[PDB]
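File shown: final-v7.tsv. Contents: TSV, C-alpha atoms and all ligand atoms.
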```
chain	number	residue	atom	x	y	z
P	32	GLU	CA	-48.69	-32.47	15.93
P	33	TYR	CA	-49.29	-32.11	19.66
P	34	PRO	CA	-52.30	-34.14	20.86
P	35	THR	CA	-55.20	-32.01	22.00
P	36	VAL	CA	-57.86	-32.78	24.56
P	37	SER	CA	-60.34	-33.63	21.77
P	38	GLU	CA	-58.09	-36.47	20.54
P	39	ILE	CA	-57.52	-38.38	23.81
P	40	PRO	CA	-60.47	-40.18	25.43
P	41	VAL	CA	-60.43	-40.02	29.22
P	42	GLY	CA	-58.53	-43.10	30.33
P	43	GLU	CA	-55.99	-43.01	27.49
P	44	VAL	CA	-52.53	-41.47	27.49
P	45	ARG	CA	-50.45	-40.20	24.58
P	46	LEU	CA	-46.71	-39.71	24.47
P	47	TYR	CA	-45.18	-36.86	22.48
P	48	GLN	CA	-41.47	-36.74	21.70
P	49	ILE	CA	-40.19	-33.20	22.39
P	50	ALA	CA	-36.48	-33.85	21.84
P	51	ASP	CA	-34.08	-36.76	21.94
P	52	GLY	CA	-34.73	-38.59	25.21
P	53	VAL	CA	-37.56	-36.26	26.29
P	54	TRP	CA	-41.29	-36.89	25.93
P	55	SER	CA	-44.34	-35.32	27.35
P	56	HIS	CA	-47.20	-37.53	28.42
P	57	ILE	CA	-50.71	-36.22	27.88
P	58	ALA	CA	-53.84	-37.42	29.65
P	59	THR	CA	-57.32	-36.03	30.16
P	60	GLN	CA	-60.06	-35.78	32.75
P	61	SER	CA	-63.53	-34.33	32.86
P	62	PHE	CA	-64.10	-31.54	35.34
P	63	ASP	CA	-67.12	-29.34	35.95
P	64	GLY	CA	-68.64	-29.98	32.52
P	65	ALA	CA	-65.49	-29.70	30.38
P	66	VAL	CA	-62.60	-31.95	29.45
P	67	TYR	CA	-59.07	-30.85	30.29
P	68	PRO	CA	-55.69	-32.19	29.18
P	69	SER	CA	-52.72	-32.50	31.47
P	70	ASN	CA	-49.03	-32.93	30.68
P	71	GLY	CA	-46.17	-34.59	32.42
P	72	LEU	CA	-42.64	-35.36	31.26
P	73	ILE	CA	-40.53	-38.43	30.58
P	74	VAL	CA	-36.75	-38.04	30.51
P	75	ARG	CA	-34.39	-40.80	29.46
P	76	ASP	CA	-31.96	-41.41	32.34
P	77	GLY	CA	-29.31	-43.61	30.77
P	78	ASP	CA	-31.04	-46.98	30.35
P	79	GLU	CA	-33.94	-46.00	32.64
P	80	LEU	CA	-36.66	-43.37	32.56
P	81	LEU	CA	-37.33	-40.52	34.93
P	82	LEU	CA	-41.03	-39.64	35.06
P	83	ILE	CA	-42.18	-36.13	35.90
P	84	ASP	CA	-45.71	-36.18	37.32
P	85	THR	CA	-48.45	-38.77	37.18
P	86	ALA	CA	-51.01	-38.83	34.38
P	87	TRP	CA	-53.71	-37.38	36.66
P	88	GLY	CA	-55.31	-40.30	38.41
P	89	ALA	CA	-54.80	-43.99	39.00
P	90	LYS	CA	-56.47	-45.19	35.79
P	91	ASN	CA	-54.61	-42.72	33.58
P	92	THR	CA	-51.34	-43.50	35.35
P	93	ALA	CA	-51.79	-47.22	34.76
P	94	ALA	CA	-52.39	-46.36	31.10
P	95	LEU	CA	-49.27	-44.18	31.16
P	96	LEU	CA	-47.08	-47.04	32.37
P	97	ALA	CA	-48.52	-49.37	29.75
P	98	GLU	CA	-47.93	-46.80	27.00
P	99	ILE	CA	-44.36	-46.15	28.16
P	100	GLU	CA	-43.74	-49.91	28.16
P	101	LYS	CA	-45.19	-50.25	24.66
P	102	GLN	CA	-43.61	-47.21	23.06
P	103	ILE	CA	-40.28	-46.68	24.87
P	104	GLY	CA	-39.63	-50.01	26.59
P	105	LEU	CA	-37.28	-48.72	29.30
P	106	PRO	CA	-38.16	-49.04	33.00
P	107	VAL	CA	-39.56	-46.08	34.89
P	108	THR	CA	-37.36	-46.13	37.97
P	109	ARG	CA	-38.06	-42.73	39.51
P	110	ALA	CA	-40.90	-40.24	39.41
P	111	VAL	CA	-40.94	-36.64	40.64
P	112	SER	CA	-44.22	-34.89	41.40
P	113	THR	CA	-43.91	-31.16	40.83
P	114	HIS	CA	-46.72	-30.08	43.14
P	115	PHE	CA	-49.29	-31.64	45.39
P	116	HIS	CA	-52.38	-31.56	43.19
P	117	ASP	CA	-53.99	-34.69	41.79
P	118	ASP	CA	-52.64	-34.12	38.28
P	119	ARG	CA	-49.18	-34.54	39.77
P	120	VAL	CA	-49.54	-37.06	42.61
P	121	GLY	CA	-52.78	-38.78	41.65
P	122	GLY	CA	-51.47	-42.14	40.54
P	123	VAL	CA	-48.47	-42.21	42.89
P	124	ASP	CA	-49.83	-45.40	44.40
P	125	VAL	CA	-49.95	-46.99	40.93
P	126	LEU	CA	-46.35	-45.92	40.33
P	127	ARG	CA	-45.31	-47.24	43.72
P	128	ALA	CA	-47.02	-50.59	43.13
P	129	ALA	CA	-45.12	-50.81	39.83
P	130	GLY	CA	-41.77	-50.43	41.62
P	131	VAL	CA	-41.28	-46.78	40.73
P	132	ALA	CA	-39.50	-44.78	43.41
P	133	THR	CA	-41.71	-41.71	43.89
P	134	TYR	CA	-40.25	-38.37	44.97
P	135	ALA	CA	-41.46	-34.93	45.91
P	136	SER	CA	-40.19	-32.06	47.97
P	137	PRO	CA	-41.09	-32.02	51.66
P	138	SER	CA	-43.28	-29.05	50.89
P	139	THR	CA	-45.25	-31.07	48.32
P	140	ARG	CA	-45.43	-34.09	50.63
P	141	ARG	CA	-46.73	-31.96	53.48
P	142	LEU	CA	-49.35	-30.28	51.30
P	143	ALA	CA	-50.41	-33.57	49.72
P	144	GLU	CA	-50.90	-35.01	53.20
P	145	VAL	CA	-53.00	-31.99	54.25
P	146	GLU	CA	-55.14	-32.42	51.13
P	147	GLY	CA	-55.51	-36.16	51.64
P	148	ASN	CA	-53.78	-36.79	48.32
P	149	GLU	CA	-51.34	-39.55	47.49
P	150	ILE	CA	-47.90	-38.94	48.98
P	151	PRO	CA	-44.65	-39.76	47.16
P	152	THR	CA	-42.32	-41.96	49.16
P	153	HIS	CA	-39.09	-39.99	48.94
P	154	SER	CA	-38.33	-36.42	49.97
P	155	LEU	CA	-36.29	-34.12	47.74
P	156	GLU	CA	-34.01	-32.01	49.90
P	157	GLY	CA	-32.50	-28.68	48.94
P	158	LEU	CA	-35.60	-27.07	47.41
P	159	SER	CA	-37.20	-25.25	50.33
P	160	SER	CA	-36.09	-21.68	49.48
P	161	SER	CA	-37.12	-19.73	46.39
P	162	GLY	CA	-34.27	-19.97	43.90
P	163	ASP	CA	-33.06	-23.35	45.17
P	164	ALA	CA	-32.04	-25.84	42.50
P	165	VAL	CA	-30.89	-29.45	42.79
P	166	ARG	CA	-29.77	-31.95	40.22
P	167	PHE	CA	-31.86	-35.10	39.80
P	168	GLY	CA	-30.16	-37.26	37.21
P	169	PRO	CA	-30.81	-35.88	33.72
P	170	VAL	CA	-32.83	-32.91	35.02
P	171	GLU	CA	-32.43	-29.93	37.27
P	172	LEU	CA	-35.24	-29.35	39.75
P	173	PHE	CA	-35.85	-25.70	40.55
P	174	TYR	CA	-38.08	-24.16	43.17
P	175	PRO	CA	-38.84	-20.74	41.64
P	176	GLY	CA	-40.98	-19.61	44.56
P	177	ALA	CA	-44.69	-19.79	45.16
P	178	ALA	CA	-46.82	-19.41	42.08
P	179	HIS	CA	-49.58	-21.76	41.06
P	180	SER	CA	-48.92	-23.44	44.40
P	181	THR	CA	-46.48	-22.80	47.21
P	182	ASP	CA	-44.56	-26.01	46.41
P	183	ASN	CA	-44.48	-25.84	42.64
P	184	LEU	CA	-41.25	-27.08	41.06
P	185	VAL	CA	-40.06	-26.61	37.55
P	186	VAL	CA	-37.87	-29.12	35.74
P	187	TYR	CA	-35.16	-28.35	33.22
P	188	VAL	CA	-33.60	-30.93	30.92
P	189	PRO	CA	-30.23	-29.34	30.11
P	190	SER	CA	-29.31	-31.82	27.36
P	191	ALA	CA	-32.49	-30.98	25.42
P	192	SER	CA	-33.08	-27.36	26.53
P	193	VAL	CA	-36.58	-28.38	27.66
P	194	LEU	CA	-38.14	-26.33	30.45
P	195	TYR	CA	-41.08	-28.08	32.08
P	196	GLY	CA	-43.03	-25.43	33.94
P	197	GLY	CA	-45.78	-27.57	35.28
P	198	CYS	CA	-48.90	-25.77	36.35
P	199	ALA	CA	-46.98	-22.59	37.21
P	200	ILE	CA	-46.81	-21.90	33.43
P	201	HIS	CA	-49.92	-21.47	31.30
P	202	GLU	CA	-50.30	-22.41	27.66
P	203	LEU	CA	-50.97	-19.56	25.24
P	204	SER	CA	-54.63	-20.42	24.76
P	205	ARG	CA	-55.28	-20.18	28.51
P	206	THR	CA	-56.71	-16.75	29.34
P	207	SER	CA	-57.56	-17.30	33.00
P	208	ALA	CA	-55.07	-18.11	35.72
P	209	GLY	CA	-56.42	-21.66	36.04
P	210	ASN	CA	-57.08	-23.18	39.43
P	211	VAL	CA	-55.78	-20.51	41.82
P	212	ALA	CA	-57.16	-22.05	45.03
P	213	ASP	CA	-53.64	-22.81	46.28
P	214	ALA	CA	-51.83	-20.07	44.38
P	215	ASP	CA	-49.73	-17.18	45.60
P	216	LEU	CA	-50.86	-14.56	43.11
P	217	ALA	CA	-48.67	-11.90	44.70
P	218	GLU	CA	-45.50	-13.94	44.28
P	219	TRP	CA	-46.33	-15.68	40.99
P	220	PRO	CA	-44.84	-12.98	38.69
P	221	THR	CA	-41.64	-12.86	40.75
P	222	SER	CA	-41.42	-16.65	40.63
P	223	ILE	CA	-41.84	-16.51	36.85
P	224	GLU	CA	-39.01	-13.99	36.67
P	225	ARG	CA	-36.75	-16.44	38.52
P	226	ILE	CA	-37.52	-19.09	35.90
P	227	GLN	CA	-36.78	-16.66	33.09
P	228	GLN	CA	-33.51	-15.64	34.75
P	229	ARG	CA	-32.31	-19.19	35.31
P	230	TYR	CA	-33.30	-20.72	31.96
P	231	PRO	CA	-33.07	-17.96	29.32
P	232	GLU	CA	-31.65	-20.56	26.91
P	233	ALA	CA	-34.74	-22.77	27.06
P	234	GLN	CA	-35.93	-23.83	23.61
P	235	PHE	CA	-39.08	-25.74	24.60
P	236	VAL	CA	-41.42	-24.76	27.42
P	237	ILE	CA	-43.99	-27.33	28.55
P	238	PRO	CA	-46.98	-26.11	30.59
P	239	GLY	CA	-48.79	-28.35	33.02
P	240	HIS	CA	-51.82	-28.20	30.73
P	241	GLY	CA	-52.00	-27.71	27.00
P	242	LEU	CA	-49.68	-26.97	24.18
P	243	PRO	CA	-45.93	-26.54	24.51
P	244	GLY	CA	-44.31	-23.39	23.25
P	245	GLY	CA	-41.26	-21.28	23.87
P	246	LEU	CA	-40.19	-18.85	26.55
P	247	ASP	CA	-43.08	-16.61	25.39
P	248	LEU	CA	-45.22	-18.83	27.61
P	249	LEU	CA	-43.56	-17.20	30.63
P	250	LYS	CA	-44.51	-13.65	29.66
P	251	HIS	CA	-47.94	-14.91	28.71
P	252	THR	CA	-48.32	-16.48	32.15
P	253	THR	CA	-47.28	-13.22	33.80
P	254	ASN	CA	-49.86	-11.33	31.76
P	255	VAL	CA	-52.63	-13.79	32.61
P	256	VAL	CA	-51.71	-13.77	36.31
P	257	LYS	CA	-51.66	-9.97	36.38
P	258	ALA	CA	-55.04	-9.82	34.64
P	259	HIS	CA	-56.47	-12.25	37.18
P	260	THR	CA	-54.91	-10.28	40.04
P	261	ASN	CA	-56.59	-7.13	38.76
P	262	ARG	CA	-60.06	-8.69	38.41
P	301	LIG	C1	-56.37	-30.98	38.92
P	301	LIG	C2	-55.73	-29.70	38.39
P	301	LIG	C3	-54.59	-29.31	39.30
P	301	LIG	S1	-53.59	-27.94	38.64
P	301	LIG	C4	-56.79	-28.63	38.43
P	301	LIG	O1	-56.92	-27.92	39.42
P	301	LIG	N1	-57.59	-28.48	37.38
P	301	LIG	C5	-57.58	-29.25	36.15
P	301	LIG	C6	-59.02	-29.12	35.70
P	301	LIG	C7	-59.40	-27.70	36.11
P	301	LIG	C8	-58.65	-27.47	37.43
P	301	LIG	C9	-59.62	-27.66	38.62
P	301	LIG	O2	-59.80	-28.82	39.03
P	301	LIG	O3	-60.12	-26.62	39.08
P	302	MG	MG	-50.84	-14.07	26.16
P	303	ZN	ZN	-52.16	-27.65	40.37
P	304	ZN	ZN	-52.36	-28.79	36.89
```

Now that the file is in, can you turn its structure into structure tokens?
Amino acid sequence: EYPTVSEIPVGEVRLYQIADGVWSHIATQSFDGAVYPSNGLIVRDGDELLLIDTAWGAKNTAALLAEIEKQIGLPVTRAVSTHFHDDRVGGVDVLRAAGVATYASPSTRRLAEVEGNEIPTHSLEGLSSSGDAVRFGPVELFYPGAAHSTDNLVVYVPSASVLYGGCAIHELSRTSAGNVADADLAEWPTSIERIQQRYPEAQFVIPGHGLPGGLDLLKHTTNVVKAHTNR
């Protein structure tokens, strides 16, 4: 059921309903001779929508907004970027031009600025220390500690038991640790443990790339990170 990278041409975006009021959005890009998918989240926030992450680039994010308009028809009023990479903030300017209030932690904003990436407008306080959690409407934002990046946030939708791990959590078919250029390999397993400890009731786990699964994705991620660490 879940759209794979072979089913979405670069430039198009698919929506996938995970639970009532919760969708992932799936987009693709070519990189270094392969095509990769990328997921974000959409969470119904009363009569508005909360967007988690861009669709990885301006063109995809424009397509995302058009697809949300077509398929859901509620306004995207806020967006949270869960780390500073282009699959999370690339397209912030498109969101901003569309009247979406864009948010990220100060750690993400600082790192995005260093990288020369797009910078969400608003700063999310209360997430600077590993284990910090803040409510953001229909989701909880959780900073589990450094993992895939030092700023990576995870997002939990308590009404749907959906845990969005972002790029700190790998899909089952991923055997490498992904892009580790900005990762904290030493802390990544401990950060995963914090996610497991805070959301042991999670029923759906959404990685930043690839197929959703369950909490098994967390142990899988730990195994993959350990294997990469021991290369
Ligand atoms: C843009 C994302 C951010 S997690 C990324 O690093 N990717 C996605 C494609 C592969 C890998 C890379 O560029 O090395
Ligand atoms: Mg595994
Ligand atoms: Zn990343
Ligand atoms: Zn990513």

task = Write out as a PyMOL selection string each polymer residue whose atoms come within 12 Å of residue 58 in chain P, counting only C-alpha atoms; drop sequence neighbours fewer than 2 positions from it.
result = chain P and resi 34-47+55-56+60-61+66-72+84-95+98+118-119+239-241

Report as a compact mmCIF listing (two decimals) with C-alpha atoms, in the frame of the given file which protein, DNA and RNA residues come within 6 Å of ligand LIG 301 (chain P), using all atoms listed in the file.
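Once everything was written out, this is result.txt:
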```
# COMPACT_ATOMS: atom_id res chain seq x y z
CA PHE P 62 -64.10 -31.54 35.34
CA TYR P 67 -59.07 -30.85 30.29
CA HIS P 116 -52.38 -31.56 43.19
CA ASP P 117 -53.99 -34.69 41.79
CA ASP P 118 -52.64 -34.12 38.28
CA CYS P 198 -48.90 -25.77 36.35
CA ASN P 210 -57.08 -23.18 39.43
```

query = Expressed in Å to a single decimal, how great is the separation between CA of residue 211 in chain P and CA of residue 126 in chain P?
reply = 27.1 Å

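CA of residue 187 in chain P sits 20.9 Å away from CA of residue 218 in chain P.
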
Selection as a VMD selection string: residues within 7 Å of (-41.6, -37.5, 34.2), counting only C-alpha atoms = chain P and resid 71 to 74 81 to 84 110 to 111

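Nearest to ligand MG 302 (chain P) of all the residues P:246, P:258, P:233, P:203 is P:203, based on only C-alpha atoms and all ligand atoms.
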
key: Straight-line distance linking CA of residue 112 in chain P with CA of residue 138 in chain P, stated in Å to one decimal   =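 Answer for the CA of residue 112 in chain P to CA of residue 138 in chain P separation: 11.2 Å.
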
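Distance check against residue 183 in chain P using all atoms listed in the file: of P:201, P:109, P:114, P:101, the minimum falls on P:114.
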
message = Residues near residue 103 in chain P, anyone? I mean within 10 Å using only C-alpha atoms, not counting same-chain ones fewer than 2 positions away, as a list in words.
response =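 Near residue 103 in chain P, the qualifying residues are residues 46, 52, 54, 75, 80, 97, 98, 99, 100, 101, 105 and 106 of chain P.
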
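The shortest atom-to-atom distance to ligand MG 302 (chain P), with all atoms listed in the file taken into account, belongs to P:205 out of P:205, P:257, P:229, P:262.
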
key: Surrounding residues as an MDAnalysis selection string, ligand MG 302 (chain P), max 7 Å, all atoms listed in the file   = chainID P and resid 203 251:252 254:255

Next, the residues of the selection above should be written as a PDB file, in the frame of the given file with C-alpha atoms.
```pdb
ATOM      1  CA  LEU P 203     -50.970 -19.560  25.240  1.00  0.00           C
ATOM      2  CA  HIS P 251     -47.940 -14.910  28.710  1.00  0.00           C
ATOM      3  CA  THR P 252     -48.320 -16.480  32.150  1.00  0.00           C
ATOM      4  CA  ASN P 254     -49.860 -11.330  31.760  1.00  0.00           C
ATOM      5  CA  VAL P 255     -52.630 -13.790  32.610  1.00  0.00           C
TER       6      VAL P 255
END
```

Residue with smallest distance to ligand ZN 303 (chain P) - pool P:48, P:234, P:207, P:113, counting all atoms listed in the file =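 Selected residue with least distance to ligand ZN 303 (chain P): P:113.
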